[PDB]
2 protein chains.
Amino acid sequence: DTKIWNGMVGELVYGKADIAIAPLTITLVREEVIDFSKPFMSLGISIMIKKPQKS
Amino acid sequence: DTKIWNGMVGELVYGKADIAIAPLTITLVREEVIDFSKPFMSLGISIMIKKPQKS
Ligand SMILES: C[C@H]1CC[C@]2(OC1)O[C@H]1[C@H](O)[C@@H]3[C@H]4CC[C@@H]5C[C@H](O[C@H]6O[C@@H](CO)[C@H](O[C@H]7O[C@@H](CO)[C@H](O)[C@@H](O[C@H]8OC[C@H](O)[C@@H](O)[C@@H]8O)[C@@H]7O[C@H]7O[C@@H](CO)[C@H](O)[C@@H](O[C@H]8O[C@@H](CO)[C@H](O)[C@@H](O)[C@@H]8O)[C@@H]7O)[C@@H](O)[C@@H]6O)[C@@H](O)C[C@@]5(C)[C@@H]4CC[C@@]3(C)[C@@H]1[C@@H]2C
């Protein structure tokens, strides 16, 4: 609605913060306002299920 | 010895080629002369063994 970045990106856009070191997943629209570095930690959607029981 | 990039990087450094779309693993020294994009294909050293079949 407001098209205002909240969170850590809006602290970088509006000059509140100087840099961000955080678990920040790189999307396109985040790069449209600020600059990422290279992805140091590649990941994705994993499948968390239970562990086979000791019954 | 010559400190001359051969291959596809030296074609980008010496103006022979315009861009590289290739299986090019990102290192530091390759970024020291040319610019990569984001890693579209993350990978690493895998373990190729035989498929086990009825020992
Ligand atoms: C309750 C809130 C709700 C929301 C809100 O309402 C109220 O609305 C928000 C709104 O959004 C406001 C934001 C708007 C966007 C603003 C952006 C501004 O930074 C801008 O301008 C520079 C800082 O002033 C930034 O980059 C500086 O800091 C480094 C960023 O990485 C740069 O690298 C450095 O450039 C170089 O400076 C000299 C040296 O080489 C090095 O130190 C440096 O590499 C720049 O520092 C200054 O660098 C000088 C030379 O470039 C200029 O002083 C200026 O750079 C250029 O700035 C141009 C801006 O027009 C200008 O035209 C051009 O001539 C200047 O050369 C810049 O200052 C640059 O990345 C960015 O664009 C920031 O500080 C404040 C800012 C975030 C504002 C903070 C407050 C808000 C968030 C408002 C507030 C939350």
# chains A, B, ... in the order shown; residues from 1 in each chain; ligands from 1
>>> residues_near_ligand(ligand="ligand 1", cutoff="12 Å", atoms="only C-alpha atoms and all ligand atoms", output="list in words")
residues 2, 3, 4, 5, 6, 7, 8, 9, 10, 11, 12, 13, 14, 15, 16, 17, 18, 19, 20, 33, 34, 35 and 36 of chain A
>>> write_last_selection(atoms="N, CA, C and O atoms", output="short mmCIF file (atom, residue, chain, number, x, y, z; two decimals), in the first residue's frame")
data_model
loop_
_atom_site.label_atom_id
_atom_site.label_comp_id
_atom_site.auth_asym_id
_atom_site.auth_seq_id
_atom_site.Cartn_x
_atom_site.Cartn_y
_atom_site.Cartn_z
N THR A 2 1.71 1.41 1.02
CA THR A 2 2.57 2.58 1.11
C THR A 2 3.79 2.47 0.21
O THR A 2 4.42 3.50 -0.06
N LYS A 3 4.11 1.25 -0.25
CA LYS A 3 5.32 0.93 -1.02
C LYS A 3 6.59 1.37 -0.28
O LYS A 3 7.56 1.83 -0.88
N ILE A 4 6.56 1.23 1.04
CA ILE A 4 7.66 1.60 1.91
C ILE A 4 8.28 0.32 2.46
O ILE A 4 7.58 -0.50 3.06
N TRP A 5 9.57 0.16 2.23
CA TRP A 5 10.30 -0.98 2.78
C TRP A 5 10.40 -0.85 4.30
O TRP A 5 10.91 0.15 4.81
N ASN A 6 9.86 -1.83 5.01
CA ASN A 6 10.08 -1.92 6.44
C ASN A 6 11.36 -2.72 6.68
O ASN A 6 12.15 -2.95 5.77
N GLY A 7 11.58 -3.13 7.93
CA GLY A 7 12.65 -4.06 8.26
C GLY A 7 14.04 -3.48 8.06
O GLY A 7 14.30 -2.30 8.28
N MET A 8 14.95 -4.35 7.62
CA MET A 8 16.35 -3.98 7.50
C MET A 8 16.64 -3.29 6.18
O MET A 8 17.58 -2.49 6.09
N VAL A 9 15.86 -3.60 5.14
CA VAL A 9 16.06 -2.97 3.84
C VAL A 9 15.68 -1.50 3.89
O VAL A 9 16.41 -0.64 3.37
N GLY A 10 14.56 -1.17 4.54
CA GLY A 10 14.17 0.22 4.69
C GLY A 10 15.11 1.02 5.57
O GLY A 10 15.19 2.24 5.44
N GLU A 11 15.81 0.35 6.48
CA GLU A 11 16.89 1.00 7.21
C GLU A 11 18.09 1.28 6.32
O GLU A 11 18.88 2.18 6.61
N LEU A 12 18.25 0.52 5.24
CA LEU A 12 19.34 0.78 4.30
C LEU A 12 18.93 1.77 3.22
O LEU A 12 19.76 2.53 2.73
N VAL A 13 17.65 1.76 2.83
CA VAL A 13 17.17 2.69 1.82
C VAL A 13 17.09 4.11 2.38
O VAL A 13 17.58 5.06 1.76
N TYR A 14 16.52 4.26 3.57
CA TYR A 14 16.27 5.57 4.16
C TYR A 14 17.46 6.11 4.95
O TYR A 14 17.32 7.10 5.67
N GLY A 15 18.63 5.48 4.82
CA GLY A 15 19.83 5.95 5.49
C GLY A 15 19.88 5.69 6.97
O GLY A 15 20.76 6.26 7.65
N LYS A 16 18.99 4.86 7.51
CA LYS A 16 19.01 4.58 8.94
C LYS A 16 20.18 3.66 9.31
O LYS A 16 20.82 3.87 10.34
N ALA A 17 20.47 2.67 8.47
CA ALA A 17 21.55 1.73 8.73
C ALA A 17 22.58 1.80 7.62
O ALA A 17 22.29 2.23 6.50
N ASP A 18 23.80 1.36 7.94
CA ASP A 18 24.91 1.48 7.01
C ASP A 18 25.16 0.20 6.21
O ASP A 18 25.57 0.27 5.05
N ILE A 19 24.94 -0.97 6.82
CA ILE A 19 25.12 -2.25 6.13
C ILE A 19 24.29 -3.28 6.88
O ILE A 19 23.90 -3.07 8.03
N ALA A 20 23.98 -4.40 6.22
CA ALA A 20 23.18 -5.46 6.80
C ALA A 20 23.91 -6.79 6.70
O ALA A 20 24.23 -7.25 5.60
N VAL A 33 16.53 -1.98 -4.81
CA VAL A 33 16.69 -0.78 -4.00
C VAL A 33 18.07 -0.71 -3.33
O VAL A 33 18.59 0.38 -3.08
N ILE A 34 18.66 -1.87 -3.02
CA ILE A 34 19.95 -1.95 -2.35
C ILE A 34 20.81 -2.99 -3.06
O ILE A 34 20.36 -3.65 -3.99
N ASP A 35 22.06 -3.14 -2.61
CA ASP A 35 23.01 -4.02 -3.27
C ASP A 35 23.38 -5.17 -2.34
O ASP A 35 23.81 -4.95 -1.21
N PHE A 36 23.22 -6.40 -2.84
CA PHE A 36 23.72 -7.57 -2.13
C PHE A 36 25.18 -7.84 -2.50
O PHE A 36 25.72 -7.28 -3.46
#
>>> closest_atom_pairs(of="chain B", to="chain A", cutoff="12 Å", atoms="only C-alpha atoms", output="CSV")
residue,atom,partner,partner_atom,distance
B:26,CA,A:38,CA,10.0
B:27,CA,A:38,CA,11.3
B:28,CA,A:38,CA,11.2
B:31,CA,A:38,CA,11.1
B:35,CA,A:38,CA,11.5
B:36,CA,A:38,CA,9.5
B:37,CA,A:38,CA,8.6
B:38,CA,A:38,CA,6.4
B:39,CA,A:39,CA,7.5
B:40,CA,A:39,CA,10.2
B:41,CA,A:42,CA,9.8
B:42,CA,A:42,CA,7.0
B:43,CA,A:42,CA,9.3
B:44,CA,A:42,CA,11.3
>>> calpha_fit_and_write(fixed="chain B", moving="chain A", output="CSV table (one decimal) with N, CA, C and O atoms, in the first residue's frame")
chain,number,residue,atom,x,y,z
A,1,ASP,N,53.5,-17.6,-14.8
A,1,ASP,CA,54.7,-17.0,-15.4
A,1,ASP,C,54.4,-15.7,-16.2
A,1,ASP,O,54.9,-14.6,-15.8
A,2,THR,N,53.6,-15.9,-17.2
A,2,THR,CA,53.2,-14.7,-18.0
A,2,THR,C,52.2,-13.8,-17.4
A,2,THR,O,52.0,-12.7,-17.8
A,3,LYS,N,51.5,-14.4,-16.4
A,3,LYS,CA,50.3,-13.7,-15.7
A,3,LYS,C,49.2,-13.3,-16.7
A,3,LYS,O,48.6,-12.3,-16.6
A,4,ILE,N,49.1,-14.2,-17.8
A,4,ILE,CA,48.1,-14.0,-18.8
A,4,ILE,C,47.0,-15.0,-18.7
A,4,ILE,O,47.3,-16.2,-18.6
A,5,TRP,N,45.8,-14.5,-18.6
A,5,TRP,CA,44.6,-15.4,-18.5
A,5,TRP,C,44.4,-16.1,-19.8
A,5,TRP,O,44.3,-15.4,-20.9
A,6,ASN,N,44.4,-17.4,-19.8
A,6,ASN,CA,44.1,-18.2,-21.0
A,6,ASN,C,42.5,-18.4,-20.9
A,6,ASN,O,41.8,-17.8,-20.1
A,7,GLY,N,42.1,-19.3,-21.8
A,7,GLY,CA,40.7,-19.8,-21.7
A,7,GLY,C,39.7,-18.7,-22.0
A,7,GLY,O,39.8,-17.9,-22.9
A,8,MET,N,38.5,-18.8,-21.3
A,8,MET,CA,37.4,-17.9,-21.6
A,8,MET,C,37.5,-16.6,-20.9
A,8,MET,O,37.0,-15.6,-21.4
A,9,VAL,N,38.3,-16.5,-19.8
A,9,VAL,CA,38.5,-15.2,-19.1
A,9,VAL,C,39.4,-14.3,-19.8
A,9,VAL,O,39.1,-13.1,-20.0
A,10,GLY,N,40.4,-14.9,-20.4
A,10,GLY,CA,41.3,-14.1,-21.2
A,10,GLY,C,40.7,-13.6,-22.5
A,10,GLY,O,41.1,-12.6,-23.1
A,11,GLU,N,39.7,-14.3,-23.0
A,11,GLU,CA,38.9,-13.8,-24.1
A,11,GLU,C,38.0,-12.7,-23.7
A,11,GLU,O,37.6,-11.9,-24.5
A,12,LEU,N,37.6,-12.6,-22.4
A,12,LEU,CA,36.8,-11.5,-21.9
A,12,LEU,C,37.7,-10.3,-21.5
A,12,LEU,O,37.3,-9.1,-21.6
A,13,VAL,N,38.9,-10.6,-21.0
A,13,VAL,CA,39.8,-9.5,-20.6
A,13,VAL,C,40.4,-8.8,-21.8
A,13,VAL,O,40.4,-7.5,-21.9
A,14,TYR,N,40.8,-9.5,-22.8
A,14,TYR,CA,41.5,-9.0,-24.0
A,14,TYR,C,40.6,-8.6,-25.1
A,14,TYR,O,41.0,-8.3,-26.2
A,15,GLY,N,39.3,-8.5,-24.8
A,15,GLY,CA,38.3,-8.1,-25.8
A,15,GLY,C,38.0,-9.1,-26.9
A,15,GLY,O,37.3,-8.7,-27.9
A,16,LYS,N,38.4,-10.3,-26.8
A,16,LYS,CA,38.1,-11.3,-27.8
A,16,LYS,C,36.7,-11.8,-27.7
A,16,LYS,O,36.0,-11.9,-28.8
A,17,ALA,N,36.1,-11.9,-26.6
A,17,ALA,CA,34.7,-12.4,-26.4
A,17,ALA,C,33.9,-11.3,-25.6
A,17,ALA,O,34.5,-10.5,-24.9
A,18,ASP,N,32.6,-11.4,-25.8
A,18,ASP,CA,31.7,-10.3,-25.3
A,18,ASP,C,31.1,-10.8,-24.0
A,18,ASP,O,30.9,-9.9,-23.1
A,19,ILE,N,30.8,-12.0,-23.8
A,19,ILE,CA,30.2,-12.5,-22.6
A,19,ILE,C,30.5,-14.0,-22.5
A,19,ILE,O,30.8,-14.7,-23.5
A,20,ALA,N,30.4,-14.6,-21.3
A,20,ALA,CA,30.7,-16.0,-21.1
A,20,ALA,C,29.5,-16.7,-20.4
A,20,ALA,O,29.1,-16.3,-19.3
A,21,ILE,N,28.9,-17.7,-21.0
A,21,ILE,CA,27.9,-18.5,-20.4
A,21,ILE,C,28.4,-20.0,-20.5
A,21,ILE,O,28.5,-20.6,-21.5
A,22,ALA,N,28.9,-20.5,-19.3
A,22,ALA,CA,29.7,-21.6,-19.3
A,22,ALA,C,29.7,-22.2,-17.8
A,22,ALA,O,29.4,-21.4,-16.9
A,23,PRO,N,30.1,-23.4,-17.6
A,23,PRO,CA,30.3,-23.9,-16.2
A,23,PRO,C,31.6,-23.3,-15.6
A,23,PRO,O,32.6,-23.9,-15.5
A,24,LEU,N,31.4,-22.0,-15.1
A,24,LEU,CA,32.6,-21.3,-14.6
A,24,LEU,C,32.4,-21.1,-13.1
A,24,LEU,O,31.6,-20.3,-12.7
A,25,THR,N,33.2,-21.8,-12.3
A,25,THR,CA,33.1,-21.7,-10.9
A,25,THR,C,33.7,-20.4,-10.4
A,25,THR,O,34.8,-20.0,-10.8
A,26,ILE,N,33.0,-19.6,-9.6
A,26,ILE,CA,33.4,-18.3,-9.2
A,26,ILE,C,34.5,-18.4,-8.1
A,26,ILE,O,34.3,-18.9,-7.1
A,27,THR,N,35.7,-17.8,-8.5
A,27,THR,CA,36.7,-17.6,-7.5
A,27,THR,C,36.9,-16.1,-7.3
A,27,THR,O,36.3,-15.3,-7.9
A,28,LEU,N,37.9,-15.8,-6.5
A,28,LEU,CA,38.2,-14.4,-6.2
A,28,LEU,C,39.0,-13.8,-7.4
A,28,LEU,O,38.6,-12.7,-7.9
A,29,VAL,N,40.0,-14.5,-7.8
A,29,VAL,CA,40.9,-13.9,-8.8
A,29,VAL,C,40.3,-13.8,-10.2
A,29,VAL,O,40.7,-13.0,-11.0
A,30,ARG,N,39.2,-14.6,-10.5
A,30,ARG,CA,38.4,-14.4,-11.7
A,30,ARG,C,37.6,-13.2,-11.6
A,30,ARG,O,37.5,-12.5,-12.6
A,31,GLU,N,37.0,-12.8,-10.4
A,31,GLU,CA,36.3,-11.6,-10.3
A,31,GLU,C,37.2,-10.4,-10.3
A,31,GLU,O,36.8,-9.3,-10.6
A,32,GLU,N,38.5,-10.6,-10.0
A,32,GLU,CA,39.5,-9.5,-10.0
A,32,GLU,C,39.7,-8.9,-11.4
A,32,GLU,O,40.3,-7.8,-11.5
A,33,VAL,N,39.3,-9.6,-12.5
A,33,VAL,CA,39.6,-9.1,-13.8
A,33,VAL,C,38.2,-8.9,-14.6
A,33,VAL,O,38.2,-8.0,-15.5
A,34,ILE,N,37.2,-9.7,-14.3
A,34,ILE,CA,35.9,-9.6,-15.0
A,34,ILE,C,34.8,-9.7,-14.0
A,34,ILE,O,35.1,-9.8,-12.8
A,35,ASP,N,33.6,-9.6,-14.4
A,35,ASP,CA,32.4,-9.5,-13.5
A,35,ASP,C,31.5,-10.7,-13.7
A,35,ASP,O,31.1,-11.0,-14.8
A,36,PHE,N,31.3,-11.4,-12.6
A,36,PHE,CA,30.3,-12.5,-12.6
A,36,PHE,C,28.9,-11.9,-12.4
A,36,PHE,O,28.7,-10.8,-12.0
A,37,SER,N,27.9,-12.8,-12.6
A,37,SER,CA,26.5,-12.6,-12.2
A,37,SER,C,26.4,-13.3,-10.8
A,37,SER,O,27.3,-13.8,-10.2
A,38,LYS,N,25.1,-13.4,-10.4
A,38,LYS,CA,24.9,-14.2,-9.2
A,38,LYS,C,25.1,-15.7,-9.5
A,38,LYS,O,24.9,-16.1,-10.7
A,39,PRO,N,25.5,-16.5,-8.5
A,39,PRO,CA,25.6,-18.0,-8.8
A,39,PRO,C,24.2,-18.6,-9.0
A,39,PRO,O,23.4,-18.8,-8.0
A,40,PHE,N,23.9,-19.0,-10.2
A,40,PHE,CA,22.7,-19.7,-10.6
A,40,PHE,C,22.7,-21.1,-10.2
A,40,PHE,O,21.6,-21.7,-10.0
A,41,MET,N,23.9,-21.7,-10.1
A,41,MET,CA,24.0,-23.2,-9.8
A,41,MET,C,25.0,-23.4,-8.7
A,41,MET,O,26.2,-23.4,-9.0
A,42,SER,N,24.5,-23.5,-7.5
A,42,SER,CA,25.4,-23.8,-6.4
A,42,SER,C,25.7,-25.2,-6.3
A,42,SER,O,24.9,-26.1,-6.5
A,43,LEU,N,27.0,-25.5,-6.0
A,43,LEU,CA,27.5,-26.9,-6.0
A,43,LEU,C,28.7,-27.0,-5.1
A,43,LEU,O,29.0,-26.1,-4.3
A,44,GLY,N,29.4,-28.1,-5.2
A,44,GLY,CA,30.6,-28.3,-4.4
A,44,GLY,C,31.2,-29.6,-4.7
A,44,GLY,O,30.8,-30.3,-5.6
A,45,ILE,N,32.2,-30.0,-3.9
A,45,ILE,CA,32.9,-31.3,-4.1
A,45,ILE,C,32.0,-32.4,-3.6
A,45,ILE,O,31.7,-32.5,-2.4
A,46,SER,N,31.5,-33.3,-4.5
A,46,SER,CA,30.7,-34.4,-4.1
A,46,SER,C,31.5,-35.7,-4.1
A,46,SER,O,32.7,-35.7,-4.5
A,47,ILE,N,30.9,-36.7,-3.6
A,47,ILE,CA,31.6,-38.0,-3.4
A,47,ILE,C,31.0,-39.0,-4.4
A,47,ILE,O,30.0,-39.6,-4.2
A,48,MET,N,31.7,-39.2,-5.6
A,48,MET,CA,31.3,-40.2,-6.5
A,48,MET,C,31.9,-41.5,-6.1
A,48,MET,O,33.1,-41.7,-6.2
A,49,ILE,N,31.1,-42.5,-5.7
A,49,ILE,CA,31.5,-43.8,-5.5
A,49,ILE,C,30.7,-44.8,-6.3
A,49,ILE,O,29.8,-44.3,-7.1
A,50,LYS,N,31.0,-46.1,-6.2
A,50,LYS,CA,30.2,-47.1,-6.9
A,50,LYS,C,28.8,-47.1,-6.2
A,50,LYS,O,28.7,-46.8,-5.1
A,51,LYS,N,27.8,-47.9,-6.8
A,51,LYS,CA,26.5,-48.3,-6.5
A,51,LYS,C,26.5,-49.7,-6.0
A,51,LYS,O,27.2,-50.6,-6.6
A,52,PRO,N,25.7,-50.1,-4.9
A,52,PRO,CA,25.8,-51.5,-4.4
A,52,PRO,C,25.3,-52.5,-5.4
A,52,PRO,O,24.2,-52.4,-6.0
A,53,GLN,N,26.1,-53.5,-5.6
A,53,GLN,CA,26.0,-54.4,-6.7
A,53,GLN,C,24.9,-55.3,-6.6
A,53,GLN,O,24.4,-55.7,-5.6
A,54,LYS,N,24.4,-55.7,-7.8
A,54,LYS,CA,23.3,-56.7,-7.9
A,54,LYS,C,24.0,-58.1,-8.2
A,54,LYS,O,24.1,-58.6,-9.3
A,55,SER,N,24.6,-58.6,-7.2
A,55,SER,CA,25.3,-59.9,-7.2
A,55,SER,C,24.5,-60.9,-6.4
A,55,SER,O,24.8,-61.1,-5.2
>>> select_by_dssp(residues="chain A", states="alpha helix (DSSP H)", output="JSON list (two decimals) with N, CA, C and O atoms, in the first residue's frame")
[["chain", "number", "residue", "atom", "x", "y", "z"],
["A", 7, "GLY", "N", 11.58, -3.13, 7.93],
["A", 7, "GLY", "CA", 12.65, -4.06, 8.26],
["A", 7, "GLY", "C", 14.04, -3.48, 8.06],
["A", 7, "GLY", "O", 14.30, -2.30, 8.28],
["A", 8, "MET", "N", 14.95, -4.35, 7.62],
["A", 8, "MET", "CA", 16.35, -3.98, 7.50],
["A", 8, "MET", "C", 16.64, -3.29, 6.18],
["A", 8, "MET", "O", 17.58, -2.49, 6.09],
["A", 9, "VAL", "N", 15.86, -3.60, 5.14],
["A", 9, "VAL", "CA", 16.06, -2.97, 3.84],
["A", 9, "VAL", "C", 15.68, -1.50, 3.89],
["A", 9, "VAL", "O", 16.41, -0.64, 3.37],
["A", 10, "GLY", "N", 14.56, -1.17, 4.54],
["A", 10, "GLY", "CA", 14.17, 0.22, 4.69],
["A", 10, "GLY", "C", 15.11, 1.02, 5.57],
["A", 10, "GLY", "O", 15.19, 2.24, 5.44],
["A", 11, "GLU", "N", 15.81, 0.35, 6.48],
["A", 11, "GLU", "CA", 16.89, 1.00, 7.21],
["A", 11, "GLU", "C", 18.09, 1.28, 6.32],
["A", 11, "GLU", "O", 18.88, 2.18, 6.61],
["A", 12, "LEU", "N", 18.25, 0.52, 5.24],
["A", 12, "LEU", "CA", 19.34, 0.78, 4.30],
["A", 12, "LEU", "C", 18.93, 1.77, 3.22],
["A", 12, "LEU", "O", 19.76, 2.53, 2.73],
["A", 13, "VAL", "N", 17.65, 1.76, 2.83],
["A", 13, "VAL", "CA", 17.17, 2.69, 1.82],
["A", 13, "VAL", "C", 17.09, 4.11, 2.38],
["A", 13, "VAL", "O", 17.58, 5.06, 1.76],
["A", 28, "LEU", "N", 14.69, -10.44, -6.25],
["A", 28, "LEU", "CA", 14.93, -9.40, -7.25],
["A", 28, "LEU", "C", 14.59, -8.02, -6.70],
["A", 28, "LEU", "O", 15.36, -7.07, -6.85],
["A", 29, "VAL", "N", 13.42, -7.90, -6.05],
["A", 29, "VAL", "CA", 12.93, -6.60, -5.60],
["A", 29, "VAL", "C", 13.77, -6.03, -4.46],
["A", 29, "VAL", "O", 13.81, -4.81, -4.29],
["A", 30, "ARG", "N", 14.45, -6.88, -3.70],
["A", 30, "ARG", "CA", 15.39, -6.38, -2.71],
["A", 30, "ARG", "C", 16.63, -5.79, -3.37],
["A", 30, "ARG", "O", 17.15, -4.76, -2.92],
["A", 31, "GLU", "N", 17.11, -6.41, -4.46],
["A", 31, "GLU", "CA", 18.23, -5.86, -5.21],
["A", 31, "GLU", "C", 17.83, -4.59, -5.98],
["A", 31, "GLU", "O", 18.70, -3.78, -6.32]]
